[PDB]
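Chemist: Requesting a structural model of the entry that follows:
(one chain, ligands or ions: 2)
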Amino acid sequence: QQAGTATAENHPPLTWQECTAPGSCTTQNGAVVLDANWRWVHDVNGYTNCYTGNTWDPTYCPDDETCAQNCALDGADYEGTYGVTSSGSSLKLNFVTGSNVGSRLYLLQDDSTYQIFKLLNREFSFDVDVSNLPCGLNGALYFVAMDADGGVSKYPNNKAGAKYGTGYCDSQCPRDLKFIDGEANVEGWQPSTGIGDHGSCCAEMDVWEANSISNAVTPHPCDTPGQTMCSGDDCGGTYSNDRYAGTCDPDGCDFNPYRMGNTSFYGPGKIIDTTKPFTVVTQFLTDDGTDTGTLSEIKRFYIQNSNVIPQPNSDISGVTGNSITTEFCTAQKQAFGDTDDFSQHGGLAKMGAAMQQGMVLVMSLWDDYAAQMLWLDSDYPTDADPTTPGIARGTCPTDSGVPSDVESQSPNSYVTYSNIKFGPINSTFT
Ligand SMILES: *[C@@H]1O[C@H](CO)[C@@H](O[C@@H]2O[C@H](CO)[C@@H](O)[C@H](O)[C@H]2NC(C)=O)[C@H](O)[C@H]1NC(C)=O
Ligand SMILES: *[C@@H]1O[C@H](CO)[C@@H](O)[C@H](O)[C@H]1NC(C)=O
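Modeler: Numbers count the residues shown, from 1 in each chain. Ligands and ions are numbered 1, 2, ... in the order given. Provided below are the atomic coordinates:
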């Protein structure tokens with residue numbers, strides 16, 4: 001895709017901090033950029049839609065390649081069209097703005113380059129306010145193995161790049177992306193938004209997926225860490241027919257404290273009381289305590305009112321601990337009767353390989369047209385006994401979360417992420 005000219009692209013500023021030790025942090029002047037898929041795509045020569053509603057305009061987009069040469073991703077009015085505002089070290093995502101629903105943003109090193117995080121033997125921490133996120137919404141902060149330049153050096157027809165939020169991929173191998181690898185997704189485009197023949201896969205570390213009711217932390221490995229194209233139902237993921245047909249783990253190894261049997265830990269009025277802000281800390285430990293080692297454990301702490309509170313232990317029979325490890329992941333898949341696609345695609349060793357490639361920080365607010373976010377905050381397989389281990393993930397009713405409901409009833413929902421800090425283990429807090 002080309003770079004557009006109707007609207008100029010100005011990235012909202014966002015500061016964060018890199019630390020070397022507790023109390024010793026340096027502020028970085030970052031910025032964020034809106035993902036390519038939320039943008040208006042217009043023809044390079046005038047101001048005409050290449051994409052109209054849920055369909056490609058064949059005059060400009062008769063095939064994948066031509067479309068990409070003829071069409072441009074426009075700049076974004078962040079506040080007014082997409083409901084994104086930044087202040088200093090804080091970023092606010094509004095749910096519904098006019099006819100826009102939600103957003104996905106990446107953190108930039110500079111105006112053409114995603115910030116790369118190498119997470120092994122490091123810790124990542126951020127403050128969050130999810131008090132205005134009801135059932136059916138997902139305020140996500142996570143990492144994917146995208147190219148720093150958004151694909152430009154690999155794909156000559158991508159002239160927009162990171163500056164326009166190109167190059168997305170995650171463990172679902174999404175086929176709803178209008179542009180992949182410097183080509184439009186037009187041949188095979190089946191309207192619902194819509195899905196095409198091509199998808200974009202890469203390893204995904206979901207540090208935080210949450211609303212005011214439930215949260216989960218979930219690594220999702222892929223055979224190839226790092227961005228790959230797939231095609232048809234071989235993609236697997238949410239949009240393909242068979243979830244488990246592809247090269248990535250679509251479920252992942254998850255720790256949601258509610259699902260693990262502690263229902264008094266996280267929620268309104270609870271130990272982590274989601275009516276107020278709190279701090280989320282995630283450590284990525286290696287077997288030998290060094291930066292070159294194998295990923296072996298993911299640990300979680302929360303901080304609310306200067307109190308440091310560790311992730312609760314699993315209270316599921318035969319599943320032990322409060323951290324993600326190979327042992328935990330094996331035991332939890334068995335005790336819930338879920339297919340162990342995690343270990344099939346290389347588990348934590350392969351999550352670690354992706355972390356070694358470097359990963360991009362994504363911040364997001366979305367609702368779920370496929371599954372109503374019930375996998376996160378309700379009884380998920382809905383046709384199943386909510387007393388059997390692993391079905392119940394939160395207190396939301398099973399009729400919650402349908403997009404046309406939440407978009408109409410809670411349009412002023414929002415999420416705020418702030419005070420991002422990154423460094424060696426135990427440097428981001430006391
Ligand atoms: C849910 O998790 C909480 C937090 O871990 C548990 O409360 C802790 O219990 C331990 C004993 O196992 C105490 O030493 C801590 O001081 C407790 N923390 C707080 C702040 O309460 C709680 O027991 C768990 N509840 C259930 C339902 O199992
Ligand atoms: C981090 O601090 C914790 C105690 O809060 C301790 O278990 C651990 O050894 C520390 N890690 C390092 C490498 O300093």
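Chemist: I'd guess residue 332 is in a strand, am I close?
Modeler: No: going by DSSP: H, G, I helix; E, B strand; the rest coil, the assignment for residue 332 is helix, not a strand.
Chemist: quick one: contacts for the nearest residue to it once chain neighbours are set aside?
Modeler: Spatial nearest neighbour of residue 332, excluding adjacent residues (C-beta to C-beta, 6 or more residues apart in numbering): residue 319 at 5.0 Å. Every residue, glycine included, has its C-beta placed from N, CA and C. By C-beta atoms under 8 Å, 6 or more residues apart in numbering, residue 319 lies in contact with 260, 328, 331, 332, 335.
Chemist: Report how many residues lie close to the residue in the stretch 151-300 of the chain that ligand 1 sits nearest to.
Modeler: Here the stretch 151-300 of the chain gets closest to ligand 1 at one residue, residue 262, 3.8 Å apart by C-beta to the nearest ligand atom. Using other C-beta atoms under 10 Å, residue 262 is surrounded by 19 other residues.
Chemist: In a helix, it, correct?
Modeler: No: membership of residue 262 in a helix is not supported by three-state DSSP, which gives coil.
Chemist: Can you report how many residues neighbour the nearest residue to it once chain neighbours are set aside?
Modeler: Of all residues not flanking residue 262 in the chain, residue 312 sits nearest, at 4.3 Å (C-beta to C-beta, 6+ apart). Per other C-beta under 10 Å, the neighbour tally for residue 312 reads 19.
Chemist: residues from this structure in reach of ligand 1?
Modeler: Counting by C-beta under 6 Å from any ligand atom, the chain comes close to ligand 1 at 262, 264, 265, 271, 312, 315.
Chemist: got a markdown table for the residues you listed, with distance to residue 145 too?
Modeler: Listed next are the residues of the chain next to ligand 1 as a markdown table, based on distance: C-beta to C-beta, whole Å:
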| residue | distance to residue 145 |
| --- | --- |
| 262 | 32 |
| 264 | 36 |
| 265 | 31 |
| 271 | 34 |
| 312 | 30 |
| 315 | 33 |
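Chemist: farthest-separated two in those?
Modeler: 271 and 315 (13.8 Å; C-beta to C-beta).
Chemist: from the stretch 301-430 of the chain, which residue is nearest to ligand 1?
Modeler: Closest point on the stretch 301-430 of the chain to ligand 1, by C-beta to the nearest ligand atom, is residue 312, at 3.4 Å.
Chemist: Look at that residue and give its secondary structure.
Modeler: coil.
Chemist: Please name the bridge partners of residue 415.
Modeler: When bridges are called by DSSP bridges, residue 415 pairs up with residue 93.
Chemist: List the contacts of it.
Modeler: Contacts for residue 415 (C-beta under 8 Å, 6+ apart) come out as 92, 93, 128, 129, 130, 132, 133, 139, 365.
Chemist: ok, the residue nearest to residue 262 to residue 130 distance?
Modeler: According to C-beta to C-beta, to the nearest Å, residue 312 stands 18 Å off from residue 130.
Chemist: Please apply the same query to residue 266.
Modeler: Counting by C-beta to C-beta - residue 266 and residue 130 are separated by 10 Å.
Chemist: what is in contact with these two at once?
Modeler: Applying C-beta under 8 Å, 6+ apart, one finds that residue 266 and residue 130 are jointly contacted by residue 274.
Chemist: returning to what we had before: just the buried members of the contacts of residue 319?
Modeler: Buried by 16 or more other C-beta atoms under 10 Å: 260, 328, 331, 332, out of those.
Chemist: Tell me which two of the residues you listed sit farthest apart.
Modeler: 260 and 331 (11.0 Å).
Chemist: Compile the contacts of residue 415 into TSV and extend it with columns for secondary structure.
Modeler: Listed next are those as TSV, based on three-state DSSP:
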residue	secondary structure
92	strand
93	strand
128	strand
129	strand
130	coil
132	coil
133	coil
139	strand
365	strand
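Chemist: quick one: contacts for the spatially most central residue of the chain?
Modeler: Residue closest to the mean C-alpha point of the chain, counted by C-alpha atoms, centre = their mean, is residue 142 at 4.5 Å. Residue 142 makes contacts with 170, 204, 205, 206, 207, 208, 209, 361, 362, 364, as judged by C-beta under 8 Å, 6+ apart.
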